[PDB]
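These notes are about the structure you will find just below.
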Amino acid sequence: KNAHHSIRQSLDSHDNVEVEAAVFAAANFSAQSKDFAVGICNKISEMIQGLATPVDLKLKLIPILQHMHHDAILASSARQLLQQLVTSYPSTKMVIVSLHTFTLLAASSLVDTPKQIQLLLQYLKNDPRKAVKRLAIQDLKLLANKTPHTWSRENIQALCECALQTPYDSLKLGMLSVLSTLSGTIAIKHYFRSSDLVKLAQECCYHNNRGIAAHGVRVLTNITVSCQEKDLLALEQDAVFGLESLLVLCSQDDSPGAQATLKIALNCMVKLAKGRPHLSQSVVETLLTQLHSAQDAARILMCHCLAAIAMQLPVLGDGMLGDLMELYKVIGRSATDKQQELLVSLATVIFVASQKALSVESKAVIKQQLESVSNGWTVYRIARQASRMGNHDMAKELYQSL
Amino acid sequence: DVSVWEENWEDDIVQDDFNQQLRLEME
Amino acid sequence: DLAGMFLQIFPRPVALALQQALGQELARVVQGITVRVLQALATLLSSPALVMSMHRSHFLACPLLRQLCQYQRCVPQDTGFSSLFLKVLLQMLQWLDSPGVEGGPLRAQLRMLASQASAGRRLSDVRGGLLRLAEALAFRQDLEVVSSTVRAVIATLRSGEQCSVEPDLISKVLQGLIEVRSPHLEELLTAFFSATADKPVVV
């Protein structure tokens, strides 16, 4: 108790260093204690309502309330206080801090999560400031990552409406990221056909920005794989073709953001193929068509995706093997530094595709390796993949050479 | 972040001592 | 022939080949046919519709539009191409604006492309744009027109010089915008108060 009284005393001092220290100590003790939490909640209410406190100290004071999750009534009182705060202090910094603190409080105390989501959606649709909107996006992302099931159909409807209405690319990208994160959980089932989410996802998958397209096609992939409703079977072609468009867009951009979007698209089509084999055939076809004209890193990621496709789904078609062999031939004299990983990934897809034994094409592969590689480690990894997939004669040749 | 292939063997962020020496041996 | 296969397919792999060719040409441009394809499809669209058949195959139509927009934004200095691009977009949207077409993803794609292209140019005058915006708010509707006008005014303020203000009129316009809660409000305020010393405090 004496420590608590010391914290409470120093909070109303004059020296700003002592006041900041008191705020930090109050944070820690309110994290630990319970009675101290409600006492400090009352003091912070009457202090923020007071006029002596400067703006910066008010900013520092608000996140103390994130520890008021010790009991229901205390959390509700803190919620009323935060509502008062956002009403009567509408400038950017403290609405930012206060609604983020409310998000954390709702995350800790699960009772008030629906109204918190409703408030966040309200601030997303109404408030004009870009920064407040972006914080709303981040907080909804956190809540989606931490409690997707609590989301209602109305919240998803509001979020989709907000995504449709807003013209800014960054806000659209962020809220579609939130929607994509929601789509990879049971939130789709709770949501349920043609609706706002489907129209939004279709519209965004053809958007100019790479990230928006990636998140839209991921929403389409999740909605197609999760449920087998008739409209979903109708729109599953749209997801595939949009995925192909994203693939051709990212096949030569050669930037880290492009690499991330390409990884997202390839993972999406791997999951879709795991869900839809009859779509997987066309997925394989477009992958092979774009393999030849893609860049080196794009080819590496494409080969990883195709290896996953082939490994999970057995009937890939030996017609693949010709295209892979042709691609392997031309890549033999492509580069020196990034050629190594492309070679090992290409050899991996060759071995996975060859469900049966090999032929003189193996002679071509080993001749290309001996002529161009001159590295050994890549030879070792190719032999390791050969032994993995059962092409043991190729492994014997490579190990003997190595 | 997500990974394109889960059973990919080329992931070498974690290299054990055996593979560490093996790579350094012949590179 | 290019127009023939287009008008034959819709009412398949060659579209993919066209997309590959477009991507390879874009790669050559960035590291170093679109005009011909755009002209051919515009000439086909002049003749009697193609847009109706494209609507049922929007999944294949939209990537071509996205590739064309990437080509356009890739070379902003190449004038003329953007003008023809915007003209084709406006014409095909106008032909598609009938309510009986059951507008969908292609409609939204064309609308956003047209809006982005229209925002790419400046406006004639700040005062005229403000007056037209005030008239639109007096009409209380046409929020697409309102969005186009405010984007044009923001672009003009970003580029051009400050003109006659009429602070009562500016306050009335901002009051109307706050009444309708336009998404561009923060951008508009930033455009106004980053220049035009002719008083912001009073407003």
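Table for the structure above
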read-out: Cα shape, region A:261-332, gyration tensor, a/c 1.5 rule; value: oblate
read-out: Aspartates and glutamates whose Cα lies under 19 Å from that of A:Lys141, excluding same-chain neighbours fewer than 8 positions away; value: A:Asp112, A:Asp127, A:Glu154, A:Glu161, A:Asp169, B:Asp1
read-out: Distance violations [Cα-Cα > 31 Å] among A:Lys271/A:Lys367; A:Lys189/A:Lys356; A:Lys172/C:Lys199; A:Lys133/A:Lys263; value: A:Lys271/A:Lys367; A:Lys189/A:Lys356; A:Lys172/C:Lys199
read-out: Tensor-based shape of chain A (alpha-carbon gyration tensor, a/c under 1.5 rounded, otherwise prolate or oblate); value: prolate
read-out: Three-way shape label, region C:38-100, alpha-carbon gyration tensor, a/c 1.5; value: prolate
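Each value in this text was obtained by applying a stated rule to the coordinates, not by laboratory testing.
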